[PDB]
>>> print(open('model_3.pdb').read())   # PDB, C-alpha atoms
ATOM      1  CA  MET A   1      74.827 124.126 104.307  1.00  0.00           C
ATOM      2  CA  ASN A   2      78.475 124.345 105.289  1.00  0.00           C
ATOM      3  CA  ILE A   3      81.513 122.028 105.253  1.00  0.00           C
ATOM      4  CA  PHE A   4      80.779 120.639 108.754  1.00  0.00           C
ATOM      5  CA  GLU A   5      77.179 119.721 107.960  1.00  0.00           C
ATOM      6  CA  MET A   6      78.243 118.278 104.630  1.00  0.00           C
ATOM      7  CA  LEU A   7      80.894 116.034 106.173  1.00  0.00           C
ATOM      8  CA  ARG A   8      78.653 115.172 109.037  1.00  0.00           C
ATOM      9  CA  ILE A   9      76.247 113.764 106.436  1.00  0.00           C
ATOM     10  CA  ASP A  10      78.860 111.805 104.543  1.00  0.00           C
ATOM     11  CA  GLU A  11      80.729 110.354 107.469  1.00  0.00           C
ATOM     12  CA  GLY A  12      78.176 109.987 110.239  1.00  0.00           C
ATOM     13  CA  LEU A  13      78.923 110.196 113.987  1.00  0.00           C
ATOM     14  CA  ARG A  14      80.014 107.175 116.015  1.00  0.00           C
ATOM     15  CA  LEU A  15      81.034 107.339 119.676  1.00  0.00           C
ATOM     16  CA  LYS A  16      82.611 103.877 119.868  1.00  0.00           C
ATOM     17  CA  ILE A  17      85.620 102.623 117.786  1.00  0.00           C
ATOM     18  CA  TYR A  18      84.419 101.118 114.530  1.00  0.00           C
ATOM     19  CA  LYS A  19      85.662  99.908 111.183  1.00  0.00           C
ATOM     20  CA  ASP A  20      85.403 102.219 108.295  1.00  0.00           C
ATOM     21  CA  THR A  21      84.474 101.088 104.847  1.00  0.00           C
ATOM     22  CA  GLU A  22      87.983  99.872 104.142  1.00  0.00           C
ATOM     23  CA  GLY A  23      88.082  97.987 107.429  1.00  0.00           C
ATOM     24  CA  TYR A  24      90.149 100.539 109.382  1.00  0.00           C
ATOM     25  CA  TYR A  25      89.704 101.609 112.955  1.00  0.00           C
ATOM     26  CA  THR A  26      87.811 104.921 113.097  1.00  0.00           C
ATOM     27  CA  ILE A  27      85.872 106.972 115.680  1.00  0.00           C
ATOM     28  CA  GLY A  28      83.592 110.034 115.824  1.00  0.00           C
ATOM     29  CA  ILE A  29      83.087 111.799 112.514  1.00  0.00           C
ATOM     30  CA  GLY A  30      85.424 109.886 110.107  1.00  0.00           C
ATOM     31  CA  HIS A  31      88.552 110.224 112.289  1.00  0.00           C
ATOM     32  CA  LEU A  32      90.871 107.448 111.174  1.00  0.00           C
ATOM     33  CA  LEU A  33      92.781 106.052 114.130  1.00  0.00           C
ATOM     34  CA  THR A  34      95.122 103.512 112.626  1.00  0.00           C
ATOM     35  CA  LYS A  35      95.438 101.337 109.570  1.00  0.00           C
ATOM     36  CA  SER A  36      96.654  98.607 111.895  1.00  0.00           C
ATOM     37  CA  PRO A  37      94.671  95.466 112.412  1.00  0.00           C
ATOM     38  CA  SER A  38      95.076  95.722 116.124  1.00  0.00           C
ATOM     39  CA  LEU A  39      92.124  96.963 118.148  1.00  0.00           C
ATOM     40  CA  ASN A  40      94.627  97.602 120.785  1.00  0.00           C
ATOM     41  CA  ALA A  41      96.816  99.628 118.548  1.00  0.00           C
ATOM     42  CA  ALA A  42      93.547 101.534 117.900  1.00  0.00           C
ATOM     43  CA  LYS A  43      92.652 102.161 121.506  1.00  0.00           C
ATOM     44  CA  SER A  44      96.181 103.389 122.183  1.00  0.00           C
ATOM     45  CA  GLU A  45      95.940 105.933 119.383  1.00  0.00           C
ATOM     46  CA  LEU A  46      92.616 107.062 120.743  1.00  0.00           C
ATOM     47  CA  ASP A  47      93.848 107.790 124.224  1.00  0.00           C
ATOM     48  CA  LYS A  48      96.786 109.590 122.676  1.00  0.00           C
ATOM     49  CA  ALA A  49      94.410 111.653 120.582  1.00  0.00           C
ATOM     50  CA  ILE A  50      91.949 112.501 123.381  1.00  0.00           C
ATOM     51  CA  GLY A  51      94.329 112.901 126.217  1.00  0.00           C
ATOM     52  CA  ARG A  52      92.562 110.402 128.339  1.00  0.00           C
ATOM     53  CA  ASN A  53      91.952 106.738 128.968  1.00  0.00           C
ATOM     54  CA  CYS A  54      88.913 106.225 126.887  1.00  0.00           C
ATOM     55  CA  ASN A  55      88.746 102.543 126.640  1.00  0.00           C
ATOM     56  CA  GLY A  56      87.379 102.820 123.010  1.00  0.00           C
ATOM     57  CA  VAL A  57      84.635 105.300 123.771  1.00  0.00           C
ATOM     58  CA  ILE A  58      84.383 109.102 123.546  1.00  0.00           C
ATOM     59  CA  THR A  59      81.774 111.799 124.165  1.00  0.00           C
ATOM     60  CA  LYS A  60      80.010 113.940 121.580  1.00  0.00           C
ATOM     61  CA  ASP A  61      82.164 116.894 122.548  1.00  0.00           C
ATOM     62  CA  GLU A  62      85.377 114.916 122.008  1.00  0.00           C
ATOM     63  CA  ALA A  63      84.127 113.764 118.578  1.00  0.00           C
ATOM     64  CA  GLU A  64      83.472 117.322 117.681  1.00  0.00           C
ATOM     65  CA  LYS A  65      86.874 118.443 118.875  1.00  0.00           C
ATOM     66  CA  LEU A  66      88.590 115.825 116.691  1.00  0.00           C
ATOM     67  CA  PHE A  67      86.265 116.966 113.902  1.00  0.00           C
ATOM     68  CA  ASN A  68      87.325 120.663 114.212  1.00  0.00           C
ATOM     69  CA  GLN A  69      90.917 119.588 114.083  1.00  0.00           C
ATOM     70  CA  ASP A  70      90.535 117.391 111.067  1.00  0.00           C
ATOM     71  CA  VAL A  71      88.745 120.012 108.904  1.00  0.00           C
ATOM     72  CA  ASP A  72      91.379 122.602 109.925  1.00  0.00           C
ATOM     73  CA  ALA A  73      94.209 120.248 109.054  1.00  0.00           C
ATOM     74  CA  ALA A  74      92.473 119.465 105.744  1.00  0.00           C
ATOM     75  CA  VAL A  75      92.106 123.197 104.798  1.00  0.00           C
ATOM     76  CA  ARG A  76      95.718 124.017 105.807  1.00  0.00           C
ATOM     77  CA  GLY A  77      96.896 120.952 103.861  1.00  0.00           C
ATOM     78  CA  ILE A  78      95.228 122.102 100.610  1.00  0.00           C
ATOM     79  CA  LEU A  79      96.732 125.584 101.145  1.00  0.00           C
ATOM     80  CA  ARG A  80     100.261 124.265 101.563  1.00  0.00           C
ATOM     81  CA  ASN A  81     100.066 121.887  98.758  1.00  0.00           C
ATOM     82  CA  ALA A  82     101.394 123.057  95.374  1.00  0.00           C
ATOM     83  CA  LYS A  83      99.050 120.954  93.298  1.00  0.00           C
ATOM     84  CA  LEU A  84      95.954 121.672  95.357  1.00  0.00           C
ATOM     85  CA  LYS A  85      96.266 125.337  96.243  1.00  0.00           C
ATOM     86  CA  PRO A  86      95.907 126.643  92.760  1.00  0.00           C
ATOM     87  CA  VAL A  87      92.770 124.626  92.138  1.00  0.00           C
ATOM     88  CA  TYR A  88      91.236 125.699  95.402  1.00  0.00           C
ATOM     89  CA  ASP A  89      92.073 129.307  94.626  1.00  0.00           C
ATOM     90  CA  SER A  90      90.369 129.029  91.310  1.00  0.00           C
ATOM     91  CA  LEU A  91      87.093 127.681  92.670  1.00  0.00           C
ATOM     92  CA  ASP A  92      83.832 129.211  93.850  1.00  0.00           C
ATOM     93  CA  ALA A  93      82.768 128.717  97.539  1.00  0.00           C
ATOM     94  CA  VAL A  94      80.621 125.608  97.104  1.00  0.00           C
ATOM     95  CA  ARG A  95      83.195 123.802  94.991  1.00  0.00           C
ATOM     96  CA  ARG A  96      85.887 124.745  97.501  1.00  0.00           C
ATOM     97  CA  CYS A  97      83.919 122.832 100.147  1.00  0.00           C
ATOM     98  CA  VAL A  98      83.861 119.820  97.814  1.00  0.00           C
ATOM     99  CA  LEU A  99      87.631 119.701  97.478  1.00  0.00           C
ATOM    100  CA  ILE A 100      87.809 119.937 101.276  1.00  0.00           C
ATOM    101  CA  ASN A 101      85.456 116.929 101.505  1.00  0.00           C
ATOM    102  CA  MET A 102      87.713 114.825  99.243  1.00  0.00           C
ATOM    103  CA  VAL A 103      90.895 115.824 101.124  1.00  0.00           C
ATOM    104  CA  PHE A 104      89.307 114.976 104.459  1.00  0.00           C
ATOM    105  CA  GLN A 105      88.396 111.494 103.072  1.00  0.00           C
ATOM    106  CA  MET A 106      91.377 110.554 101.019  1.00  0.00           C
ATOM    107  CA  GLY A 107      94.191 112.690 102.169  1.00  0.00           C
ATOM    108  CA  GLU A 108      96.090 115.425 100.343  1.00  0.00           C
ATOM    109  CA  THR A 109      98.341 113.000  98.549  1.00  0.00           C
ATOM    110  CA  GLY A 110      95.363 111.003  97.351  1.00  0.00           C
ATOM    111  CA  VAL A 111      93.521 113.957  95.916  1.00  0.00           C
ATOM    112  CA  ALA A 112      96.730 115.335  94.415  1.00  0.00           C
ATOM    113  CA  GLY A 113      96.927 112.136  92.371  1.00  0.00           C
ATOM    114  CA  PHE A 114      93.786 112.999  90.396  1.00  0.00           C
ATOM    115  CA  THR A 115      95.889 114.958  87.890  1.00  0.00           C
ATOM    116  CA  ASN A 116      93.478 115.052  84.962  1.00  0.00           C
ATOM    117  CA  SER A 117      90.453 115.855  87.092  1.00  0.00           C
ATOM    118  CA  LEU A 118      92.293 118.704  88.925  1.00  0.00           C
ATOM    119  CA  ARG A 119      93.206 120.222  85.506  1.00  0.00           C
ATOM    120  CA  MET A 120      89.602 120.019  84.350  1.00  0.00           C
ATOM    121  CA  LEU A 121      88.189 121.599  87.527  1.00  0.00           C
ATOM    122  CA  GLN A 122      90.720 124.338  87.122  1.00  0.00           C
ATOM    123  CA  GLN A 123      89.539 124.942  83.612  1.00  0.00           C
ATOM    124  CA  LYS A 124      85.962 124.829  84.872  1.00  0.00           C
ATOM    125  CA  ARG A 125      84.994 121.984  82.609  1.00  0.00           C
ATOM    126  CA  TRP A 126      82.449 120.632  85.128  1.00  0.00           C
ATOM    127  CA  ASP A 127      80.845 117.881  83.095  1.00  0.00           C
ATOM    128  CA  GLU A 128      84.136 116.589  81.820  1.00  0.00           C
ATOM    129  CA  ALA A 129      85.611 116.515  85.278  1.00  0.00           C
ATOM    130  CA  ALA A 130      82.542 114.598  86.670  1.00  0.00           C
ATOM    131  CA  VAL A 131      83.017 111.905  84.060  1.00  0.00           C
ATOM    132  CA  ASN A 132      86.762 111.574  84.845  1.00  0.00           C
ATOM    133  CA  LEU A 133      86.319 111.499  88.648  1.00  0.00           C
ATOM    134  CA  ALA A 134      83.819 108.582  88.271  1.00  0.00           C
ATOM    135  CA  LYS A 135      86.611 106.493  86.758  1.00  0.00           C
ATOM    136  CA  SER A 136      88.362 105.691  89.980  1.00  0.00           C
ATOM    137  CA  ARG A 137      88.520 103.182  92.745  1.00  0.00           C
ATOM    138  CA  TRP A 138      87.120 105.892  95.069  1.00  0.00           C
ATOM    139  CA  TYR A 139      83.875 106.049  93.079  1.00  0.00           C
ATOM    140  CA  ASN A 140      83.567 102.229  92.768  1.00  0.00           C
ATOM    141  CA  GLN A 141      84.063 101.758  96.473  1.00  0.00           C
ATOM    142  CA  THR A 142      81.771 104.511  97.867  1.00  0.00           C
ATOM    143  CA  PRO A 143      79.518 105.235  94.949  1.00  0.00           C
ATOM    144  CA  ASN A 144      76.699 107.076  96.818  1.00  0.00           C
ATOM    145  CA  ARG A 145      79.081 109.474  98.574  1.00  0.00           C
ATOM    146  CA  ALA A 146      81.227 109.926  95.365  1.00  0.00           C
ATOM    147  CA  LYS A 147      78.073 110.714  93.386  1.00  0.00           C
ATOM    148  CA  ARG A 148      77.090 113.379  95.904  1.00  0.00           C
ATOM    149  CA  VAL A 149      80.533 114.927  95.681  1.00  0.00           C
ATOM    150  CA  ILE A 150      80.644 114.669  91.911  1.00  0.00           C
ATOM    151  CA  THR A 151      77.183 116.213  91.457  1.00  0.00           C
ATOM    152  CA  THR A 152      78.262 119.048  93.686  1.00  0.00           C
ATOM    153  CA  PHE A 153      81.283 119.799  91.427  1.00  0.00           C
ATOM    154  CA  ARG A 154      78.936 119.431  88.539  1.00  0.00           C
ATOM    155  CA  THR A 155      76.333 121.989  89.493  1.00  0.00           C
ATOM    156  CA  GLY A 156      77.923 124.128  92.079  1.00  0.00           C
ATOM    157  CA  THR A 157      74.874 123.932  94.340  1.00  0.00           C
ATOM    158  CA  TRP A 158      74.046 121.979  97.488  1.00  0.00           C
ATOM    159  CA  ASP A 159      71.139 120.092  95.968  1.00  0.00           C
ATOM    160  CA  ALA A 160      72.696 116.621  96.489  1.00  0.00           C
ATOM    161  CA  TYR A 161      72.801 117.101 100.159  1.00  0.00           C
ATOM    162  CA  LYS A 162      69.479 118.932 100.532  1.00  0.00           C
ATOM    163  CA  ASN A 163      67.719 115.710 100.327  1.00  0.00           C
ATOM    164  CA  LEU A 164      69.757 114.198 103.219  1.00  0.00           C
TER
END
>>> encode(input="model_3.pdb", output="structure tokens")
Amino acid sequence: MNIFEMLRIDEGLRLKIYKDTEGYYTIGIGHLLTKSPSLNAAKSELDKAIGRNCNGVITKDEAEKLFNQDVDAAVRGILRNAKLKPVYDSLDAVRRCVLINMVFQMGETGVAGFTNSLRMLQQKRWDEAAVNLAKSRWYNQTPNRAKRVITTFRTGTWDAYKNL
């Protein structure tokens, strides 16, 4: 199991513009297009992102290309961020993938806000950190995904995804 497979499980693949959980315009593997309520604003962003007139639809290959970019941007973001980098550096490989998963979903700024949790992961207090992460809007909104993520930080293995 690797980061790509893990995110492919959590986000799914969709070749036509759709609304994410929060109602935003998304495409492919969790690629947010715009927070704007306009489907047109959305289609414009898409063509800008793909380099072509897509008319709201993309190919598997294009989805995957956006996907490689997003994971890269996520990793580079953690590495450049002063609150995130140190935590990432302190973690084992599996747990490092988990932080990438969160950053991909909620953005660098969003994860950086989980001050207490970041401190606990750094100190390797797994159980305590799982309990604190669960106390968030994130968890309440996407409980099945959050639980997968949380269990992963908890045990350090891929069991939660081996099912899936």
>>> residues_around(input="model_3.pdb", residues="segment 124-131 of chain A", least_positions_apart="2", cutoff="12 Å", atoms="all atoms listed in the file", output="PyMOL selection string")
chain A and resi 87-88+90-92+95+114-122+133-136+139+146-156
>>> resolve_selection(input="model_3.pdb", expression="the PyMOL selection byres ((chain A and resi 21-23) around 10)", output="list in words")
residues 18, 19, 20, 24, 25, 26, 35, 36, 37, 141 and 142 of chain A
>>> residues_around(input="model_3.pdb", residues="residue 68 of chain A", least_positions_apart="5", cutoff="9 Å", atoms="all atoms listed in the file", output="list in words")
residues 4, 63 and 73 of chain A
>>> resolve_selection(input="model_3.pdb", expression="the PyMOL selection byres ((chain A and resi 55-59) around 7)", output="PyMOL selection string")
chain A and resi 15-17+43+53-54+60-63
>>> atom_distance(input="model_3.pdb", atom1="atom CA of residue 96 of chain A", atom2="atom CA of residue 159 of chain A")
15.5 Å
>>> atom_distance(input="model_3.pdb", atom1="atom CA of residue 32 of chain A", atom2="atom CA of residue 10 of chain A")
14.4 Å
>>> resolve_selection(input="model_3.pdb", expression="the PyMOL selection byres ((chain A and resi 67) around 9)", output="PyMOL selection string")
chain A and resi 4+28-31+62-66+68-72
>>> atom_distance(input="model_3.pdb", atom1="atom CA of residue 108 of chain A", atom2="atom CA of residue 74 of chain A")
7.7 Å
>>> closest_residue(input="model_3.pdb", among="A:97, A:84, A:137, A:111", to="residue 157 of chain A", atoms="all atoms listed in the file")
A:97
>>> closest_residue(input="model_3.pdb", among="A:8, A:132, A:75, A:138", to="residue 89 of chain A", atoms="only C-alpha atoms")
A:75
>>> closest_residue(input="model_3.pdb", among="A:82, A:112, A:1, A:102", to="residue 164 of chain A", atoms="only C-alpha atoms")
A:1
>>> closest_residue(input="model_3.pdb", among="A:143, A:99, A:83, A:14", to="residue 113 of chain A", atoms="only C-alpha atoms")
A:83
